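First up is the structure itself, then whatever we jot down about it.
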Amino acid sequence: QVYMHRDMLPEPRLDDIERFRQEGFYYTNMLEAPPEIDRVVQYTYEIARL
Amino acid sequence: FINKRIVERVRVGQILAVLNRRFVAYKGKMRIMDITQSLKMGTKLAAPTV
């Protein structure tokens with residue numbers, strides 16, 4: 001279950017550095033839930049070859 | 001008697017009247033090659049077809 005979807009690397013505000021430091025922030029490739037159906041297209045070898 | 005004008009007596013004014021056939025030719029930019037050789041052995045695959 002490997003998906004491809006264009007996304008942004010987050011750019012923090014960093015206006016109050018202490019407030020940002022207190023609240024843990026991180027970014028992952030992990031997906032909390034699988035993408036919603038009807039918003040995704042299915043591919044395979046033969047589809048790509050066609 | 002052969003009923004064909006194999007040899008004709010023609011005046012100088014009618015020498016060039018023989019040019020009546022239509023000819024078609026290609027260009028140097030166009031390249032013509034025989035696909036038969038590329039059928040040698042036949043190792044390959046093919047986009048799915050029925």
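Chain labels A, B, ... are given in the sequence in which chains occur in the structure tokens; within each chain residues are numbered consecutively from 1, and ligands are likewise numbered from 1 in the order shown.
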
Residues of chain A within 9 Å of chain B, counting only C-alpha atoms, as an MDAnalysis selection string: chainID A and resid 46 49:50

Selection: 12 Å around residue A:25, only C-alpha atoms, excl. self and same-chain fewer than 6 positions, as a PyMOL selection string: chain A and resi 10-14+19

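Running DSSP on the backbone and keeping only alpha helix (DSSP H), the residues of chain A that qualify are residues 17, 18, 19, 20, 21, 22, 45, 46, 47, 48 and 49 of chain A.
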
Counting only C-alpha atoms, the residue of A:47, A:16, A:5, A:42 that sits nearest residue A:29: A:5

Test item: residues at most 12 Å from residue A:4, only C-alpha atoms, excluding those fewer than 3 positions along its chain, as JSON, numbers by chain: {"A": [1, 7, 29, 30, 31, 35, 40, 41, 42, 43]}
